[PDB]
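2 protein chains.
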Amino acid sequence: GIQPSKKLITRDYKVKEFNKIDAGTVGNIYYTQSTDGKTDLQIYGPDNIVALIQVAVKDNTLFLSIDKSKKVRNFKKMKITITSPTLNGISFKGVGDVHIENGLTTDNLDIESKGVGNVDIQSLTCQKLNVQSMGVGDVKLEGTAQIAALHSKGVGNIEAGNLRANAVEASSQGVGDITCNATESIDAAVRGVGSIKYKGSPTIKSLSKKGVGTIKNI
Amino acid sequence: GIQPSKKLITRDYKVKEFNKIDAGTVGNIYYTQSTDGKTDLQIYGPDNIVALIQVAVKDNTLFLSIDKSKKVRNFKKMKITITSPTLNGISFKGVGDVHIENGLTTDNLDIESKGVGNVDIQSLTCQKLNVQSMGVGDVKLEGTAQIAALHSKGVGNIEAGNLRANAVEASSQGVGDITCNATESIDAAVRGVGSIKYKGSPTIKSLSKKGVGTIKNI
Ligand SMILES: [Cl-]
Ligand SMILES: [Cl-]
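Quick mapping for you: the protein sequence lines, in order, are chains A and B.
For the first sequence, PDB author numbering gives the first residue as 27, with consecutive numbering after it.
For the second sequence, PDB author numbering gives the first residue as 27, with consecutive numbering after it.
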C-alpha cells in the first residue's frame with residue numbers, strides 16, 4: 027500500500043472544545059487535561075499517513091476516523107496528542123494504546139475499549155467510573171473513585187488494584203482477570219475464564235462464581 | 027439453586043470411540059492423543075456438579091453439555107480430561123480453555139470456538155487446518171500444516187506464528203490480530219479492528235483490506 031514518507035510532521039487541528047473522544051485510528055493516543063483552559067489536537071507522523079486521519083467535533087465529541095479501505099505499508103511513528111479542560115468519555119475502536127499519564131479530575135468517566143491496545147490512566151480523581159473492556163488489551167487504572175463499575179468482556183485484564191474506590195461493581199465475562207480495590211462494598215461476578223481479586227475490607231460484599239476462576243480478597 | 031458439595035470426585039465415562047469433540051460445559055478441557063488405542067473421558071469436580079454434565083457419543087462425536095434445568099449457586103474447580111486415538115474436530119460453545127499440551131497428529135483438524143476461553147494446541151502435525159474463532163478468546167497454535175485457514179470473527183487473537191504452514195488463508199473480521207507463518211503462499215484479508223502479521227517469504231500473496239489495522243511481513 028501507501029509508503030510512509032520521510033517528512034515527519036505535526037499537524038495542529040484547532041478543534042472546538044469537547045469532553046469526549048471517539049477514535050477509530052491507528053496510533054497511540056496521549057490525553058492531557060489542560061490547566062490553562064485550552065483545547066488542542068496534534069497528530070505527529072509521516073505527512074502522508076497523518077493526512078489519512080479525518081477529524082471532527084460533533085455533540086461535544088472529538089471524532090477521529092480513517093479511510094478503512096486504504097492500505098498502508100506501516101503506521102510507525104504515529105502519535106496523537108489530545109488536550110482539553112474536561113474529559114467524561116473515551117470510546118476507542120482502533121489499534122494503539124490510550125494514555126492519561128499525568129492525571130484527570132472529572133465527575134464521571136466512561137471508558138469503552140473496543141480495539142486492539144491498552145488503556146493506561148494514571149492519577150484519576152472521579153466520582154463515578156464506568157469501564158467496559160470489549161477488545162484485545164488491558165485497562166490499567168490508578169487513583170480514586172467513589173464508585174467503580176468494571177466490566178470486562180474481551181481478552182485482557184482490568185488492572186485497577188491501585189484505583190481506590192468506595193463501591194465496586196465488577197463482572198468478568200471474557201478471558202482475563204479483574205484486580206480492584208473496594209473500601210466499603212463490592213459486587214463481584216465471575217462469568218468467563220479468569221478471576222476477580224480485590225484489595226480492602228468492604229463491609230458489604232456480593233460474590234457470584236459462575237465461570238472458570240475465583241473471587242479472592244488480596 | 028444447587029450448592030456444590032465438598033466431595034470432589036473424578037467420574038470416568040467409558041465412552042465409544044470418537045474423533046470429534048462438541049462441548050458446551052463450564053470448565054477447562056485437556057485433550058491427549060492416546061498411543062495405546064484407548065478412548066477415555068474423565069470429569070473432575072464436586073460430585074453434584076459433575077452429575078449435571080450430559081455425556082453422549084453420537085456418530086463419532088463426543089457431546090458434552092450442561093443440564094440447564096437445575097440452577098447452580100457457585101461453580102467450583104472443574105476439569106475435563108479427554109483422550110482418543112484420533113481427533114479431527116473441536117467445537118466449543120461453553121466457558122473454559124481447551125488444551126492439547128502434548129501434540130496431535132491428524133490429517134484434517136477443524137477448530138470452531140463459539141464460547142468464552144482460549145484454545146492452545148502445541149506440537150500439531152496436520153495436512154489441513156481450519157480455524158473459525160467466533161467467541162471471546164485466543165487460539166494459540168504451534169506445529170506444522172500444509173494448509174492453514176485462520177478466520178477470526180469474535181474478540182481475540184489467533185497466535186499461529188509458530189505454526190509453520192505452506193499455504194495460509196487468513197481473515198480477521200472481529201477485534202484482534204492474526205499472527206501466522208506462510209512459507210509458500212498467503213491470502214490475507216483485514217476486515218475488522220486488528221492486523222495480520224505473517225512470518226516467511228511466500229512466493230504468492232493476495233492482500234485485501236477494509237478495516238482498522240494492517241498486513242505486515244514480520
Ligand atoms: Cl492492578
Ligand atoms: Cl504467535
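All residues carry an ideal CB built from backbone N, CA and C; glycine is no exception.
Buried or exposed: residue 265 of chain A, going by 16 or more other Cβ atoms within 10 Å of its Cβ?
One cannot answer for residue 265 of chain A here, as it falls past the ends of chain A, which runs 27 to 244.
Measure the beta-carbon distance from B/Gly-122 to B/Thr-51 and round it to whole angstroms, keeping in mind my assumption that it falls under 8 Å.
To locate residue 122 of chain B, count along the second sequence from 1; it is residue 96. To locate residue 51 of chain B, count along the second sequence from 1; it is residue 25. Rounded, the Cβ-Cβ distance is 7 Å, consistent with contact.
Going by alpha carbons, who is nearest to B/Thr-107 out of B/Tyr-56, B/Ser-31, B/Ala-175 and B/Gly-202?
Reading the second sequence from its first residue, position 81 is the one you call residue 107 of chain B. Cα-wise, what sits closest to B/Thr-107 is B/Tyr-56.
Burial state of B/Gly-27 (16 or more Cβ within 10 Å):
Translated into the one-based positions of the second sequence, residue 27 of chain B becomes position 1. The residue in question, B/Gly-27, is exposed, as its Cβ has fewer than 16 Cβ neighbours within 10 Å.
Would you mind reading off the limits of the alpha helix (DSSP H) that contains B/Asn-74?
By one-based count along the second sequence, residue 74 of chain B stands at place 48. Per DSSP, B/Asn-74 belongs to the alpha helix (DSSP H) from 73 to 76.
Given that B/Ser-221 touches chain A, what residues does it touch there, using C-beta distances under 7 Å?
Working through the second sequence from its first residue, we reach residue 221 of chain B at position 195. Going along chain A in sequence order, the residues near B/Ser-221 (Cβ under 7 Å) are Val-121.
Using the beta carbon as the reference atom, which residues fall closer than 5 Å to any heavy atom of ligand 2, ordered along the chain?
Every residue passing the under-5 Å Cβ criterion appears here: B/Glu-185, B/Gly-187 and B/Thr-205.
N- and C-terminal bounds of the beta strand (DSSP E) containing A/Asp-62:
Taking the first residue of the first sequence as position 1, residue 62 of chain A is located at position 36. Element bounds for A/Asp-62: n/a, residue is neither H nor E.
When the cut-off is 7 Å and only beta carbons count, does A/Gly-200 lie next to chain B?
Sequence index remark: in the first sequence, residue 200 of chain A carries index 174 (1-based). Chain B contact via Cβ: present.
With respect to the beta strand (DSSP E) encompassing A/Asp-146, which residues constitute its N-terminal and C-terminal limits?
Counting from one through the first sequence, the residue named residue 146 of chain A turns up at place 120. First-last of the beta strand (DSSP E) with A/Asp-146: 145 to 151.
Whole runs of the beta strand (DSSP E) within the region 183 to 234 of chain B, excluding any shorter than 3 residues
Within the region 183 to 234 of chain B, the complete beta strand (DSSP E) runs of at least 3 residues are 184 to 198, 204 to 216 and 222 to 225.
Under the three-state reduction of DSSP, which class applies to residue 249 of chain A: helix, strand or coil?
Because residue 249 of chain A is not part of the residues shown, which for chain A are 27 to 244, the question remains open.
Determine whether the Cβ of B/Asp-164 lies closer than 7 Å to any Cβ atom of chain A.
Looking up residue 164 of chain B in the second sequence gives position 138. Closer than 7 Å to some Cβ of chain A, the Cβ of B/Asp-164 qualifies, so yes.
Quick one: give me the first and last residue of the beta strand (DSSP E) that B/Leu-176 is part of.
Against the second sequence, residue 176 of chain B aligns to sequence position 150. In the DSSP assignment, B/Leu-176 falls within the unbroken beta strand (DSSP E) covering 165 to 178.
Under 7 Å from the C-beta of B/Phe-101: neighbouring residues of chain A
Along the second sequence, read from residue 1 onward, the residue named residue 101 of chain B stands at position 75. Neighbours of B/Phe-101 on chain A, chain order: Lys-235, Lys-236 and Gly-237.
Tell me which residues share the same chain as B/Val-201 and place their Cβ nearer than 7 Å to its Cβ, disregarding the 5 neighbours each side in the sequence.
In the second sequence, counting from the first residue as 1, residue 201 of chain B sits at position 175. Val-181, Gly-218, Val-219 and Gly-220.
Determine the extent of the beta strand (DSSP E) in which B/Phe-118 is found, giving its start and end residues.
Against the second sequence, residue 118 of chain B aligns to sequence position 92. That run of the beta strand (DSSP E) goes 115 to 118.
Do you know whose CA, among A/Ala-196, A/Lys-33 and A/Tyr-39, lies nearest A/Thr-109's CA?
For the purposes of this step, residue 109 of chain A is identified with residue 83 of the first sequence, where counting begins at 1. If we check each option's Cα against that of A/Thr-109, A/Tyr-39 comes out closest.
Examine chain A for any beta-carbon lying closer than 7 Å to the beta-carbon of B/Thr-205, and answer yes or no.
Along the second sequence, read from residue 1 onward, the residue named residue 205 of chain B stands at position 179. By this cut-off, B/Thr-205 is not an interface position.
Buried or exposed: A/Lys-84, going by 16 or more other Cβ atoms within 10 Å of its Cβ?
Position 58 of the first sequence holds residue 84 of chain A. Exposed, by the Cβ-count rule.
Using the C-alpha atoms, what's the distance from B/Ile-75 back to B/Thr-205?
By one-based count along the second sequence, residue 205 of chain B stands at place 179. By one-based count along the second sequence, residue 75 of chain B stands at place 49. Using only the alpha carbons, I get a separation of about 38 Å.
Can you tell me whether A/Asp-48 is helix, strand or coil according to DSSP?
Taking the first sequence and counting its residues from 1, the one referred to as residue 48 of chain A is at position 22. Residue state, collapsed to three classes: strand.
Step through the CB atoms of chain A and report whether any lies within less than 7 Å of the CB of B/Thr-240.
Residue 240 of chain B sits at position 214 when you count from the first residue of the second sequence. Taking Cβ atoms only, chain A reaches closer than 7 Å to B/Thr-240, which makes this a yes.
Please classify A/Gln-199: is it buried, with 16 or more other beta-carbons within 10 angstroms of its beta-carbon, or exposed?
Numbered from 1 along the first sequence, position 173 holds the residue referred to as residue 199 of chain A. A residue is called buried when at least 16 other Cβ atoms come within 10 angstroms of its Cβ; A/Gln-199 meets this threshold and is buried.
Under 7 Å, Cβ to Cβ, is there at least one residue of chain B near A/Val-181?
As a first step, residue 181 of chain A must be located in the first sequence, where it is residue number 155. At a cut-off of 7 Å between beta-carbon atoms, A/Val-181 makes contact with chain B.
Checking contacts by CB at 7 Å: is B/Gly-143 closer than that to chain A?
By 1-based counting over the second sequence, the position of residue 143 of chain B is 117. Answer yes: the Cβ-Cβ gap between B/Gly-143 and chain A drops below 7 Å somewhere.
In the DSSP output, which residue or residues are listed as bridge partners for A/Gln-158?
In the first sequence, residue 158 of chain A corresponds to position 132, counting from 1. Partner(s): A/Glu-138 and A/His-177.
Three-way DSSP call (helix, strand, coil) for B/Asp-123 in this model:
Indexing the second sequence from 1 puts residue 123 of chain B at position 97. In the three-state reduction of the DSSP assignment, B/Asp-123 falls in the coil class, being assigned neither a helical nor a strand state.
Terminal residues of the beta strand (DSSP E) in which A/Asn-243 lies
Numbered from its first residue, the first sequence carries residue 243 of chain A at position 217. Where A/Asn-243 is concerned, the enclosing beta strand (DSSP E) stretches over 241 to 243.
Against chain A: residues of the region 44 to 60 of chain B by CB proximity under 9 Å
Listed by position, the residues of the region 44 to 60 of chain B near chain A (Cβ gap below 9 Å) are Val-52, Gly-53 and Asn-54.
Measuring alpha carbon to alpha carbon, tell me which residue in A/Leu-113, A/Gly-143, A/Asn-134 and A/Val-165 is nearest A/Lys-154.
Taking the first sequence and counting its residues from 1, the one referred to as residue 154 of chain A is at position 128. Here the closest residue by C-alpha is A/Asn-134.
Would you say A/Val-98 faces chain B, with C-beta separation under 7 Å as the test?
Counting from one through the first sequence, the residue named residue 98 of chain A turns up at place 72. By this cut-off, A/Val-98 is an interface position.
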